[PDB]
Amino acid sequence: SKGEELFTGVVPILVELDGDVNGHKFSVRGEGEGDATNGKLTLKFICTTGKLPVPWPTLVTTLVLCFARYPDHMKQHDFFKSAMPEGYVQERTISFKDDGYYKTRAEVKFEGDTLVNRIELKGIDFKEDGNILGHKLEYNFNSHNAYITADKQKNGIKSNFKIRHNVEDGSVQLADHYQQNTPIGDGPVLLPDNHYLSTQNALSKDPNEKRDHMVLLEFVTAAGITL
């Protein structure tokens, strides 16, 4: 299909986030590349406004599912590429157990040859000394599966899933994600049967980078529909 064709090689990525958590405003800018044939993302993110007021791991899911590797026998269920190049809106509510919540709205679309993810984030009702505003989460990530379902009355998809963040005292901080996606343009899209995305992440630091930053490697692969 036309949308699939845009992802057969390596695609440059730009990410721009504008955030406000408990009134503290901040911005993140990321740059890198996506390789959907391998389901592979490599990006470096910088906090352009100074210090990040929340832990980097809490922003991973917000900071491009069109780069998932869909197996050949499942390609008719790839909503994300079907919506390109005009793209889709991705909205989430992320509820941190015993703490506040993020509300996010993003547009994911091509701008020229570059795939751009432009996000607005608001964080509300966070505890001043909790795991998020208190920077008590470890700088790492766990592997996760997230189930996708069609949303007929919106001509899009929905998903809900739990992210587990490791806490410095050995406990776990749950981040409950509710997600919806809808096309920006008027062209036909592929609405999928039920399936899931399997995701892995590795977070690191650039030893010669003095700014507050995150180096991210991510793999995303679709599964859950048999031959």
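All Cβ positions, even for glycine, are placed from backbone atoms using ideal geometry, and neighbour counts span all protein chains on display. Read the figures in this text as sums done on the coordinates, not as results from a lab.
Using each residue's phi in the stretch 120-135, evaluate 6.51 cos²θ - 1.76 cosθ + 1.60 at θ = phi - 60° and report the 3J(HN,Hα) Karplus result to the nearest Hz, with x for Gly and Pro.
Once θ is set to phi - 60°, the couplings for the stretch 120-135 become 10, 10, 10, x, 9, 6, 7, 7, 4, 10, x, 5, 8, 6, x, 6 Hz.
Quote the Stokes-Einstein diffusion coefficient, in whole µm² s⁻¹, for the stretch 121-173, based on the Kirkwood radius over alpha carbon pairs, a temperature of 37 °C and a viscosity of 0.692 mPa s.
For these conditions, the coefficient is 238 µm²/s.
Once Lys and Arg get +1 and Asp and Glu get -1 on their Cβ, which of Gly3, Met84, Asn160 lies farthest toward the positive end of the dipole of the stretch 2-223?
Farthest along the dipole direction, towards plus: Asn160.
For the chain, what is Rg from Cα atoms divided by 2.2 N^0.38 Å, rounded to two decimals?
Ratio of Rg to 2.2 N^0.38 Å for the chain: 0.99.
What is the dipole size for the stretch 2-223, taken about its Cα centre, with +1 at each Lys and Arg Cβ and -1 at each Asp and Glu Cβ, in debye to the nearest 20?
180 debye
Is the stretch 113-227 best put as rounded, prolate or oblate by its Cα gyration tensor, with a ≥ b ≥ c the root eigenvalues, rounded for a/c under 1.5, and otherwise prolate when a/b is larger than b/c, oblate when not?
Prolate, because a/c is 1.5 or more and a/b exceeds b/c.
Per-residue ellipticity at 222 nm for the chain, helices alone: DSSP H runs ≥ 4 residues times -39500 (n - 2.57), over residue total, nearest 500 deg cm²/dmol?
-500 deg cm²/dmol
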